[PDB]
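Enquirer: First the structure, then my questions, so here it is.
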Amino acid sequence: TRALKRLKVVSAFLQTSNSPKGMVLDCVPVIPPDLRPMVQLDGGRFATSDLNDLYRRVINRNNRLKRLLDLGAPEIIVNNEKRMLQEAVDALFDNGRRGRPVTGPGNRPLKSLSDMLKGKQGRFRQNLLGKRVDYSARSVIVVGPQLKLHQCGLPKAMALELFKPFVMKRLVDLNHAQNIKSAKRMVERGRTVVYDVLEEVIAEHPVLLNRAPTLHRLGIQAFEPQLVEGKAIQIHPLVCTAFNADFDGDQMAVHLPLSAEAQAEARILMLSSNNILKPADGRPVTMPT
Amino acid sequence: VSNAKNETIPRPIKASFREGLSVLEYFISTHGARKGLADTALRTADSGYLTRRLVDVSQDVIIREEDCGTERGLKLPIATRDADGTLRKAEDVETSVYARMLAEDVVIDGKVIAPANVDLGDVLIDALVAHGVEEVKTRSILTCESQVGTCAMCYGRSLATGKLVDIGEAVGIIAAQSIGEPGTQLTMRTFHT
Amino acid sequence: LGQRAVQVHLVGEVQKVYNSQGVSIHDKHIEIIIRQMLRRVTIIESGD
Amino acid sequence: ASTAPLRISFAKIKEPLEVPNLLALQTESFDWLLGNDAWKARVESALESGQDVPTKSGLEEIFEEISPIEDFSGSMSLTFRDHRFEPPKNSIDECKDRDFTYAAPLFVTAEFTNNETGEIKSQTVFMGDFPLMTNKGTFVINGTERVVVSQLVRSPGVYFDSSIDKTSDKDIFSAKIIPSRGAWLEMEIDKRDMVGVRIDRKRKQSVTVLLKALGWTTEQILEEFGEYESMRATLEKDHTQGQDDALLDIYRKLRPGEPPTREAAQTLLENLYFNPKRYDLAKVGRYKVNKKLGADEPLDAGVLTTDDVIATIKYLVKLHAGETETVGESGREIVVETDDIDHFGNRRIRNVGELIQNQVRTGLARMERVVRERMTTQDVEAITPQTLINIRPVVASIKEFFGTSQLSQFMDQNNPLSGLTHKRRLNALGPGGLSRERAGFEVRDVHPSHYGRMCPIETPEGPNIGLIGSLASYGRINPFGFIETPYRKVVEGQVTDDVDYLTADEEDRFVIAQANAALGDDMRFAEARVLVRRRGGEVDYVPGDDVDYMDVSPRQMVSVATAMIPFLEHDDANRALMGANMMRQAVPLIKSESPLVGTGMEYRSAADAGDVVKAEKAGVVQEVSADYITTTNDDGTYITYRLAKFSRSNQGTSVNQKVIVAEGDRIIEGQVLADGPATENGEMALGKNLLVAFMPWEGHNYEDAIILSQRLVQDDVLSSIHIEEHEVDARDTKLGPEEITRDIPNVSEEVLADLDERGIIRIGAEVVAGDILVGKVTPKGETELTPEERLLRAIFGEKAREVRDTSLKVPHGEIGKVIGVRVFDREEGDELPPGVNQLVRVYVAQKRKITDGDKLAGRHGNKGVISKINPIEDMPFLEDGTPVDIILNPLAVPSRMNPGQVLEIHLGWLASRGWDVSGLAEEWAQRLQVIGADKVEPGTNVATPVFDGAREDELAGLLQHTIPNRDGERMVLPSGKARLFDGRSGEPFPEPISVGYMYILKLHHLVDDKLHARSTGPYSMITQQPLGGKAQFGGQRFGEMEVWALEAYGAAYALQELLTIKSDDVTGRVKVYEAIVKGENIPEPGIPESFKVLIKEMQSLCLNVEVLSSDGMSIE
Amino acid sequence: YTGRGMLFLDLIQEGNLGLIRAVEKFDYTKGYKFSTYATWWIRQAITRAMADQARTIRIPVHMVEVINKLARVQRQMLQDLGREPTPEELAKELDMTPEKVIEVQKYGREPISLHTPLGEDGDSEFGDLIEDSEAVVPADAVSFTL
Amino acid sequence: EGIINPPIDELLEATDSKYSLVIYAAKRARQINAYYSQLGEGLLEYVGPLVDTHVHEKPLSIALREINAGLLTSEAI
Amino acid sequence: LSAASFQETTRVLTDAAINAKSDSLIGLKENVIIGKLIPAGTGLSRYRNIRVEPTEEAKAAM
Amino acid sequence: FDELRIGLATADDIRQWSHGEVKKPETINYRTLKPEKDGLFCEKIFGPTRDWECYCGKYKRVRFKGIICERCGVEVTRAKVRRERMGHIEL
Ligand SMILES: [Mg+2]
Ligand SMILES: [Zn+2]
Ligand SMILES: [Zn+2]
């Protein structure tokens, strides 16, 4: 078995052209500066990323090693510098894989290269699978019984900020606003002309409602919007159990599909009237009790 | 009422919430109430983890063929626990044998009742139990021989639409979510050790 | 026993947990996941 | 007498002990730290009354702990004898507005004495400002009110744990002594049938080598331990022998790498444990080891001794060998048994006095090190106490204690009950304590010992369930840190009117009865059978004269917030948790109203909390006004209380104070002079009392939602002030200074209409979103003008003005009437941070009315959002035309198991419309007749204590005889239900409906805060996707679970745009924005920016991640 | 000199450079021990390196000696006068003008790390709360085209 | 007066799948929008709305209406 | 790439470097990283490549 | 986009990526707040901080892009290049 495990690693080297010498790195690459920003902070302070500190140490220790090697120095002193240089590079690539980490200020471990690539908060699981999005909104939900199955109430102020590009384009075309900047000013002030234009543009344009845990695919469902005063999304009481939404207090996010293909999908695939039956067992879900 | 760490008290609650509990009765009841709130938060965490791991292994299962080439199926019991002189259907026939398409026909009197490549429904299952056949061989996802993913016939009809599954549907993601959704609803443990 | 038997065992075992409560999941959903577990094979006596 | 308004009580049992000073937990602990006059007065009273108390203060103790420093020559010494305080420099009110930490000076006398010179120079030194605590127990630091919360920690001492090993099939026993400061030690027996020691878990080693390392020889060892075969077996199997041999061996194991040295080995064992510096076991630590091991009166303060370690071994083997009771070595007989950590005898709270003492000890510890270093490089006769000590670490430690610590928390001032509950909170989380990740099932769970010391009902329902708990009502703190509780004393079956405070361990020994247990007319027990509790939480009864203690009040186990709920016993424990937690969220209203029905504890909870303004003298009011009230005592002294008026709290709610007394009324000490936020006549009042009817109604109150009559918005019944405060700073930068000015560039004339002369919005100027509050302009920018802009500057006759607009503006989704502006100038006497020439703060106040989405709630954990506000005509009215103010679904009530809310409704109707019982001679009435609650007028309050409330026979009976309100008819039937005429269709509802008066709160989850939206806004820097949160115009998160849903749907196009167009693609975002406004079709998405960032990061770990095409290198 | 932004082992190595300097400039012609001569060079190398390598934003050696000098006298003023000194009274003690005092105070800060928890919740980081300015705002870009 | 105005069952039988329908309506909607944005070029290849149009309308709404009539034809390549 | 986005993100990165594994981009999780179209539903080759033309009778009318 | 090949990056490969070499621990001048020479954040290696502006102040205008100013060696281009270009440390 020892030979079996050992064979796995060593065979990979022979078949591949790449030589084993990549284990021992001679030159340390550096991250581009925008990816480790020394951003100015309001109030005259500064904000720096931890990679700068770790890169600073390896540069410092390498520089001193050149000085020690240049003049005649003993073996004890040069060995300690080579030992510290090796430790510094280790901290940069993976802080905490050997002994105590480089705490810096003492309150907290310094971040590291691999630390960005790991865990729930890592790049993979926080910025590549799931991102934040524009043209999106949020509000508490209330029950509206007079709605139809394919309808949801959208607050006036909420819808206005979602559909701001579309309102501006129509305002110019309908000549209520002269130019693009003048159209921008009109919607931000919230003049009376905007509300008439707004109801014209939202029609036949679905919006994707969504509740936070979203266990199963009926968590996201498109709806035909409809303006309503107040500040709470009206929702249809039949579709509550698909979202698992009660009305204690439950904020529901609102997304907007933009392109022609995307909004077509919300009308055909994701509509709330073509999702009567649970996909688990083909049982009705839109008749709560 | 369950005492802490899954024990029972010898002195149960004798009063109803209408009649109003006593002081000591209220204190013992809290042991189970707080434990349920803490445990429920944990079951959501574990159910979420189970769904996430399931999705990875269950992806790459996509419907990418109208019909498989093969004949291998799976034999399922349509009807069992038949008392003497009568036929009794299986208790779990809905979740097991419904919405599947027969690998091969079924003959009991020498004549086909339900021909092959016909999905089963209420009407067809009724035909088979009335004539008295006790098992059936339905094609299924296990025995699919598709070089890429799974064919539509072996998956059988979907359930959210009541028709044959479309080409390109992600059956894999659907299956993972279905197993993980009622995970919070489970919340079962031995009443007392 | 065999590959068919373990498929029967796995689907049946997990279903009783769900049916104990009252939820109902169609067996195709279980079957897809179990198909994925049995895909690989362990090689022994890898001479040829 | 007239301290409180009259409120008839339904209680049946008289209460011996009154409720204590409800804020004593914080105030008494901090009094100890100062060692002031009030605490020491209690000390002399306690000594003369016989009650024990530490005669030594807190601050001087750490001085006495710090022995006079001695250098290597031992020539010099620094004695810190006496401490003293001075009056605070800033008044409390001044501190909040001008952002000054409330503090006082602290001087201390340092005495330098040198043996060689034979001279004494005494000199007073100043160690820094000490943040003091006001009379309501909050530290006003930097203008913000902090509170320090208590902290539960495992007390130091020895703990024996018994476990079972599955492989061994037999029990295993362990011991561990965990000290306050030093390294820890463990003693594990029969791991594989031998006993061993862990010296800081360096390595496995035996006990014999530990004992041999001590002066005890093999001959004397065997006489003490010859009756327990484990140590004899260990002895013969231990090959090493000799005192010198054992000492060097352990040196090699503990600190490898160096040759053994006889003197160096010996001093390490002294250093590791017996040294008084490296192993400072706390005063509680020494106190607990003596109780466990049973030694009678060892040294009161000090480190562990050689006697204790050997005694701990003896306890371990005697516990292992199966005997449960044994005589303590050189001590009295003691029970030998495993001790549970979770039990409150082993859990200790670090009250606010002890928390700051630990920090000031650390600060003073750093100060000690400096003087040793300084002395070695200083000559004699040039040394004076003023110069040598550096006070810099001490001040820096007490300043970093309040900042960046989980124990100095921002006070929540939503209403007075949130204030009170935050003082009494017992946070298990914090530095040097139980964290969230180390949390287990056992710590969260309720314990039998918790009774009377920590309310089991209320705790946060969030992720920290059970970790945070509220102190009990009658709980009191032992000086070591454990929590006591009173008990009445019983002797020969007679309950005496004497109270004894028992801790969590002395309670365990005895048997305790129940307050609910019946008592005769005489002091004997009426019934032989009596419920009791005993060791291990048993609930078995023990009849007859066997008890010695009984509970002082049936409400003992419930905290202040939980005692607020009426009919608590009828509610489930789960919903009561929510009900007690909600009541710390109710916002104050314009005109507060006392609950019609509610428990009597609401009045006491208000007066003890500091929002209501009570009198310190017994006088005559002389001048009543809104701002201030003048009173005159019999001696002649006048004091004028200055009432706060519309000043913002931490959470942004008014703390406006009313005046209740008239002109010439006589006052008595402690009586309430001024009403507070959410208070009424000195009684707590978190909500209003509305007319409720239980019925489904058209589906508008489906799934917990609420229906409200439009009268409540119209008559201002539920409406709350909200005061927001936002400020800007005119800082000096490299290019120049910012100017707070009216001449903002490129603005219209009407936008700057309500701005005053210097560029500040006028007082009373109603604002909207986007309006300019204070005009401010940046000094300069380096503009590289494009040719078209160059042309425009010529055409319009403009001036660039070398400035850009950066004026403070009203945040999006916000309205309000300006009420007050404060200006701070560098050139003035005002102190500012560096750089800031001018600072301006603006207070915008608005009057929010109750609307849809605004969360509303009752007391028994029933809560819902408003779903519809019907007109007054549409409301289902009564037979006399009175429309019901609120409807509630009945479908909720059976399933949630909180029928307390129905019970409250029935009693609420009776309170509103009075009742008559005269000469009726009925059985249910007979208990009430001595109480006096027989003839009751309309509108009058009634009180039902939290566990001695009115029984259900009384409510059924009281409903039968309600007074006819007008014309002679009673609108509610004997069952408690009434006839409802449908307001909409007109035709009467077919069967009766339950109706009554319910106390409704308005929570702080208002919809106006929650509503957020975003077209396009800021973006993050390192990854270009939008940032989150509402304050920064943040897009919603389309997380991992969301994309699974779209993949299941098969919607590939919608998913692609959600990850590329709508975020994280710089070239694609602008393209889509122009395409929408021009009407052109949306373009094709590119690659996202996070994927490119990922390649750069993985190329920085020396992995050549190459993107490739089928034919070589790929296109990007 | 530990605990000042320089790692303890790093201080030893920089001081070790000072030691090798000292031996090249030491001789028996002076009637003194090597220990008294060496400690000057050790302290020089350590304190110069501390000036040149501790701070993220490098401060020149002569600015560094200015700020620690004024810091120590400010500590003496606090102990003597029993009150926080005003910058103007601090300025005359330094003999410089108050504007120089205000200037040197502004240079004597340290950056705060972007990757730090806010403390309200563990997951949130400080670096996900500050927006950039170099991003091209979509509304303004299309307006220029118009 | 709703999204569901062209019923889905009639549309489904024309295209024989569900994913086919959404792209087919979307491809057509892209074309008709592109026709409206000629603004004077009048290129031959584009074709306008076959059915009558409201004074204000969404091009995707027109596309689905055309499928229900069935005049439009789709072919996979 | 899909394996790295799962629980292990060091071992999978380390051995992939040793083995020198080229990731073909077919699949779902890895097509969400790059921003391409997932091969599921409308993202398929067959569904996304179709073309729309009117009929001759449609052109004949208008 | 056809394959995401990954492997071991050899020493020559690391040098090939690099557009320079870091030689100091310097980041930015404490007074002018501009990047230093041959340290971290250096414009000669990574890229210009401001669009088309070099370090010394020659060649500020947009016209003569795609050139290297002879004074400080900064190659004038867009500031966004700092997000892409990377250097290397010799050990
Ligand atoms: Mg809810
Ligand atoms: Zn198949
Ligand atoms: Zn240049």
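Residues are named by chain letter and number: chains run A, B, ... in the order of the structure tokens, numbers start at 1 in each chain, and ligands are numbered from 1 in the order shown.
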Give me, as JSON, numbers by chain, the residues of chain D touching chain G, with the criterion being at most 6 Å (counting only C-alpha atoms).

Expert: {"D": [1050, 1052, 1087]}

Enquirer: Counting only C-alpha atoms, what is within 8 Å of range 1102-1105 of chain D, bar same-chain residues fewer than 6 positions away, as an MDAnalysis selection string?

Expert: (chainID A and resid 28:29) or (chainID D and resid 1095) or (chainID G and resid 17) or (chainID H and resid 4:10 13:14)

Enquirer: Generate a file of the selected residues that holds N, CA, C and O atoms, formatted as a PDB file, in the first residue's frame.

Expert:
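As written to disk, part-v1.pdb reads:
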ATOM      1  N   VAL A  28       9.028  34.561  -6.591  1.00  0.00           N
ATOM      2  CA  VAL A  28       7.677  34.663  -6.054  1.00  0.00           C
ATOM      3  C   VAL A  28       6.911  35.679  -6.895  1.00  0.00           C
ATOM      4  O   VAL A  28       7.313  36.845  -6.937  1.00  0.00           O
ATOM      5  N   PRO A  29       5.854  35.286  -7.593  1.00  0.00           N
ATOM      6  CA  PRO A  29       5.027  36.266  -8.306  1.00  0.00           C
ATOM      7  C   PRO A  29       4.261  37.165  -7.353  1.00  0.00           C
ATOM      8  O   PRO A  29       3.984  36.791  -6.215  1.00  0.00           O
TER       9      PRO A  29
ATOM     10  N   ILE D1095      -8.252  34.020 -11.944  1.00  0.00           N
ATOM     11  CA  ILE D1095      -7.079  33.597 -12.700  1.00  0.00           C
ATOM     12  C   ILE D1095      -5.829  34.273 -12.153  1.00  0.00           C
ATOM     13  O   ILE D1095      -4.781  33.639 -11.992  1.00  0.00           O
TER      14      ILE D1095
ATOM     15  N   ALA G  17      -2.655  20.400 -10.284  1.00  0.00           N
ATOM     16  CA  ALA G  17      -1.389  20.942 -10.755  1.00  0.00           C
ATOM     17  C   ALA G  17      -0.385  19.838 -11.052  1.00  0.00           C
ATOM     18  O   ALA G  17       0.340  19.905 -12.048  1.00  0.00           O
TER      19      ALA G  17
ATOM     20  N   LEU H   4      -9.651  24.707 -19.627  1.00  0.00           N
ATOM     21  CA  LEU H   4      -8.956  25.441 -18.572  1.00  0.00           C
ATOM     22  C   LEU H   4      -7.806  24.594 -18.030  1.00  0.00           C
ATOM     23  O   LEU H   4      -7.886  24.008 -16.955  1.00  0.00           O
ATOM     24  N   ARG H   5      -6.718  24.542 -18.791  1.00  0.00           N
ATOM     25  CA  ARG H   5      -5.520  23.801 -18.407  1.00  0.00           C
ATOM     26  C   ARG H   5      -4.831  24.414 -17.187  1.00  0.00           C
ATOM     27  O   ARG H   5      -4.698  25.633 -17.080  1.00  0.00           O
ATOM     28  N   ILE H   6      -4.408  23.563 -16.250  1.00  0.00           N
ATOM     29  CA  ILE H   6      -3.735  23.985 -15.027  1.00  0.00           C
ATOM     30  C   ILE H   6      -2.521  23.082 -14.834  1.00  0.00           C
ATOM     31  O   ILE H   6      -2.521  21.926 -15.259  1.00  0.00           O
ATOM     32  N   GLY H   7      -1.452  23.635 -14.278  1.00  0.00           N
ATOM     33  CA  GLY H   7      -0.282  22.829 -13.997  1.00  0.00           C
ATOM     34  C   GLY H   7       0.679  23.567 -13.095  1.00  0.00           C
ATOM     35  O   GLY H   7       0.337  24.580 -12.492  1.00  0.00           O
ATOM     36  N   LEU H   8       1.893  23.040 -13.003  1.00  0.00           N
ATOM     37  CA  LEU H   8       2.927  23.671 -12.195  1.00  0.00           C
ATOM     38  C   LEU H   8       3.616  24.780 -12.972  1.00  0.00           C
ATOM     39  O   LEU H   8       4.043  24.579 -14.112  1.00  0.00           O
ATOM     40  N   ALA H   9       3.737  25.947 -12.352  1.00  0.00           N
ATOM     41  CA  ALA H   9       4.398  27.090 -12.968  1.00  0.00           C
ATOM     42  C   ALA H   9       5.872  27.084 -12.599  1.00  0.00           C
ATOM     43  O   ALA H   9       6.232  27.291 -11.438  1.00  0.00           O
ATOM     44  N   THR H  10       6.722  26.860 -13.592  1.00  0.00           N
ATOM     45  CA  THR H  10       8.159  26.807 -13.407  1.00  0.00           C
ATOM     46  C   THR H  10       8.714  28.218 -13.243  1.00  0.00           C
ATOM     47  O   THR H  10       7.994  29.208 -13.373  1.00  0.00           O
ATOM     48  N   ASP H  13       8.518  30.437 -16.308  1.00  0.00           N
ATOM     49  CA  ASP H  13       7.131  30.838 -16.520  1.00  0.00           C
ATOM     50  C   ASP H  13       6.758  32.047 -15.675  1.00  0.00           C
ATOM     51  O   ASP H  13       6.030  32.927 -16.138  1.00  0.00           O
ATOM     52  N   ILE H  14       7.191  32.067 -14.416  1.00  0.00           N
ATOM     53  CA  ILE H  14       6.917  33.194 -13.529  1.00  0.00           C
ATOM     54  C   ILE H  14       7.568  34.472 -14.042  1.00  0.00           C
ATOM     55  O   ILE H  14       6.949  35.543 -14.048  1.00  0.00           O
TER      56      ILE H  14
END

Enquirer: Which residues are near residue 52 in chain D? Cut-off 9 Å, only C-alpha atoms, ignore same chain within fewer than 5 positions. Put them as a list in words.

Expert: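 Final neighbour list, sorted by chain and number: residues 43, 46 and 47 of chain D.
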
Enquirer: Dump C-alpha atoms for the selected residues as a PDB file, in the first residue's frame?

Expert:
ATOM      1  CA  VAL D  43     -20.367  47.219  54.845  1.00  0.00           C
ATOM      2  CA  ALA D  46     -23.806  44.373  57.221  1.00  0.00           C
ATOM      3  CA  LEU D  47     -21.121  43.825  59.864  1.00  0.00           C
TER       4      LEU D  47
END

Enquirer: Give me, please, the distance in Å between CA of residue 178 in chain B and CA of residue 150 in chain B, quoted to one decimal.

Expert: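 It comes out at 18.5 Å.
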
Enquirer: Identify, counting only C-alpha atoms and all ligand atoms, the protein, DNA and RNA residues located within 8 Å of ligand 2, and give them as a PyMOL selection string.

Expert: chain B and resi 65+67-70+140-141+143-146+150-155

Enquirer: Residues as selected, C-alpha atoms, written as a short mmCIF file (atom, residue, chain, number, x, y, z; two decimals), in the first residue's frame, can you do that?

Expert:
data_model
loop_
_atom_site.label_atom_id
_atom_site.label_comp_id
_atom_site.auth_asym_id
_atom_site.auth_seq_id
_atom_site.Cartn_x
_atom_site.Cartn_y
_atom_site.Cartn_z
CA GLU B 65 -32.01 11.54 -25.70
CA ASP B 67 -35.51 7.16 -26.21
CA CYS B 68 -32.90 4.68 -25.04
CA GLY B 69 -32.05 1.61 -27.02
CA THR B 70 -32.44 -0.96 -24.27
CA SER B 140 -36.31 3.13 -15.05
CA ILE B 141 -33.37 5.48 -14.61
CA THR B 143 -30.92 0.62 -16.25
CA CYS B 144 -30.63 3.49 -18.75
CA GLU B 145 -27.84 2.98 -21.26
CA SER B 146 -27.17 6.46 -22.57
CA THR B 150 -30.21 9.84 -19.28
CA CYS B 151 -32.81 9.36 -21.98
CA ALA B 152 -36.33 10.77 -21.67
CA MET B 153 -38.06 7.37 -21.80
CA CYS B 154 -36.08 5.87 -18.91
CA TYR B 155 -36.85 8.85 -16.70
#

Enquirer: If we count only C-alpha atoms and set the cut-off at 8 Å, which residues sit around range 25-34 of chain B, ignoring sequence neighbours fewer than 4 positions away in its own chain? Please answer as a VMD selection string.

Expert: (chain B and resid 1 to 4 13 21 38) or (chain D and resid 445 to 446 456 to 457 466 569 573 to 574)

Enquirer: Dump N, CA and C atoms for the selected residues as a CSV table (one decimal), in the first residue's frame?

Expert:
chain,number,residue,atom,x,y,z
B,1,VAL,N,-43.8,15.0,29.6
B,1,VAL,CA,-43.0,16.0,28.9
B,1,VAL,C,-41.5,15.5,29.0
B,2,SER,N,-40.8,15.6,27.9
B,2,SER,CA,-39.5,15.2,27.8
B,2,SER,C,-38.6,16.1,28.6
B,3,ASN,N,-38.0,15.6,29.7
B,3,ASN,CA,-36.9,16.2,30.4
B,3,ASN,C,-35.7,16.4,29.4
B,4,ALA,N,-34.7,17.3,29.8
B,4,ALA,CA,-33.5,17.4,29.1
B,4,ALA,C,-32.7,16.1,28.8
B,13,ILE,N,-47.5,16.5,33.5
B,13,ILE,CA,-48.3,17.6,33.7
B,13,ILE,C,-49.7,17.2,33.7
B,21,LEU,N,-51.4,26.0,33.9
B,21,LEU,CA,-50.3,25.1,34.5
B,21,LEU,C,-50.0,25.7,35.9
B,38,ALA,N,-33.8,25.2,19.6
B,38,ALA,CA,-32.4,25.1,19.3
B,38,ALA,C,-32.2,24.0,18.3
D,445,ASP,N,-29.2,24.5,27.1
D,445,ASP,CA,-30.4,23.9,27.8
D,445,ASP,C,-30.6,24.5,29.2
D,446,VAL,N,-31.9,24.5,29.6
D,446,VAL,CA,-32.3,24.9,30.9
D,446,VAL,C,-31.8,23.9,31.9
D,456,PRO,N,-36.1,31.2,32.5
D,456,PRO,CA,-36.0,30.2,31.3
D,456,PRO,C,-36.8,30.6,30.2
D,457,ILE,N,-37.8,31.5,30.4
D,457,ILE,CA,-38.7,31.8,29.3
D,457,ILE,C,-38.1,32.7,28.2
D,466,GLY,N,-30.5,30.7,24.2
D,466,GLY,CA,-30.0,30.1,25.4
D,466,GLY,C,-28.7,30.7,25.9
D,569,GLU,N,-49.4,31.6,32.5
D,569,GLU,CA,-49.5,30.1,32.7
D,569,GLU,C,-50.3,29.4,31.6
D,573,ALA,N,-44.8,27.8,26.4
D,573,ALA,CA,-43.5,28.3,26.7
D,573,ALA,C,-42.8,28.9,25.4
D,574,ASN,N,-43.1,28.3,24.3
D,574,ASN,CA,-42.5,28.8,23.0
D,574,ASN,C,-43.1,30.1,22.6

Enquirer: Step by step, measure atom-to-atom distances between ligand 1 and each residue using only C-alpha atoms and all ligand atoms, keep those at most 9 Å, then write them as a count of residues only.

Expert: 7

Enquirer: Show me which residues are within 9 Å of ligand 3 counting only C-alpha atoms and all ligand atoms, and format the list as a list in words.

Expert: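 I would give the residues around ligand 3 as residues 53, 54, 55, 56, 57, 58, 59, 60, 68, 69, 70, 71, 72, 73, 74, 75 and 76 of chain H.
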
Enquirer: Kindly provide the residues of chain E that approach chain A to within 7 Å, each paired with its closest atom pair and their distance in Å to one decimal, based on only C-alpha atoms, listed by chain and increasing number, as CSV.

Expert:
residue,atom,partner,partner_atom,distance
E:111,CA,A:46,CA,4.6
E:112,CA,A:47,CA,5.1
E:113,CA,A:48,CA,5.0
E:114,CA,A:49,CA,4.9
E:115,CA,A:49,CA,6.1
E:143,CA,A:180,CA,6.6

Enquirer: Determine, counting only C-alpha atoms, which protein, DNA and RNA residues have an atom within 10 Å of an atom of range 34-37 of chain H; residues of the same chain fewer than 6 positions away are not included. Present the result as a compact mmCIF listing (two decimals) with N, CA and C atoms, in the first residue's frame.

Expert:
# COMPACT_ATOMS: atom_id res chain seq x y z
N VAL H 22 10.06 43.69 -8.35
CA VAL H 22 9.96 44.51 -7.15
C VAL H 22 11.27 44.41 -6.39
N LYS H 23 11.78 45.56 -5.93
CA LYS H 23 13.09 45.63 -5.31
C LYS H 23 13.08 46.32 -3.96
N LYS H 24 11.95 46.84 -3.51
CA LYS H 24 11.86 47.57 -2.26
C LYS H 24 10.54 47.22 -1.59
N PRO H 25 10.43 47.42 -0.28
CA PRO H 25 9.12 47.34 0.39
C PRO H 25 8.31 48.62 0.36
N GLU H 26 8.75 49.62 -0.40
CA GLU H 26 8.06 50.89 -0.51
C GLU H 26 6.68 50.73 -1.13
N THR H 27 5.71 51.49 -0.63
CA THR H 27 4.40 51.51 -1.26
C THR H 27 4.06 52.87 -1.85
N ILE H 28 4.00 53.92 -1.04
CA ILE H 28 3.59 55.25 -1.48
C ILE H 28 4.25 56.26 -0.57
N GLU H 43 4.56 52.32 -10.72
CA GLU H 43 3.93 52.49 -12.03
C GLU H 43 4.79 51.98 -13.17
N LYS H 44 6.11 51.89 -12.98
CA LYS H 44 6.98 51.42 -14.05
C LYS H 44 6.72 49.97 -14.39
N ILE H 45 6.28 49.19 -13.42
CA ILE H 45 6.07 47.77 -13.57
C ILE H 45 4.60 47.43 -13.74
N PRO H 48 0.03 52.83 -15.08
CA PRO H 48 -0.20 54.21 -14.63
C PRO H 48 -1.45 54.33 -13.77
N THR H 49 -1.33 55.14 -12.72
CA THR H 49 -2.43 55.35 -11.77
C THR H 49 -3.57 56.14 -12.39
N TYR H 55 4.35 59.11 -14.70
CA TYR H 55 4.72 59.43 -13.33
C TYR H 55 5.32 60.82 -13.19
N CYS H 72 10.71 58.44 -16.70
CA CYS H 72 10.42 57.47 -15.66
C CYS H 72 10.09 56.08 -16.17

Enquirer: Please find the residues of chain C near chain A - the criterion being any atom within 10 Å, counting only C-alpha atoms - and write them as a list in words.

Expert: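 The answer, sorted by residue number, is residues 23, 24, 25, 26, 27, 28 and 29 of chain C.
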
Enquirer: If you keep C-alpha atoms, can you produce a file of those selected residues as a tab-separated table (two decimals), in the first residue's frame?

Expert:
chain	number	residue	atom	x	y	z
C	23	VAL	CA	-43.96	13.53	3.00
C	24	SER	CA	-44.10	11.74	-0.34
C	25	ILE	CA	-41.19	11.72	-2.78
C	26	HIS	CA	-41.51	9.74	-6.00
C	27	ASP	CA	-38.92	6.98	-6.32
C	28	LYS	CA	-37.41	8.42	-9.53
C	29	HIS	CA	-35.95	11.25	-7.45
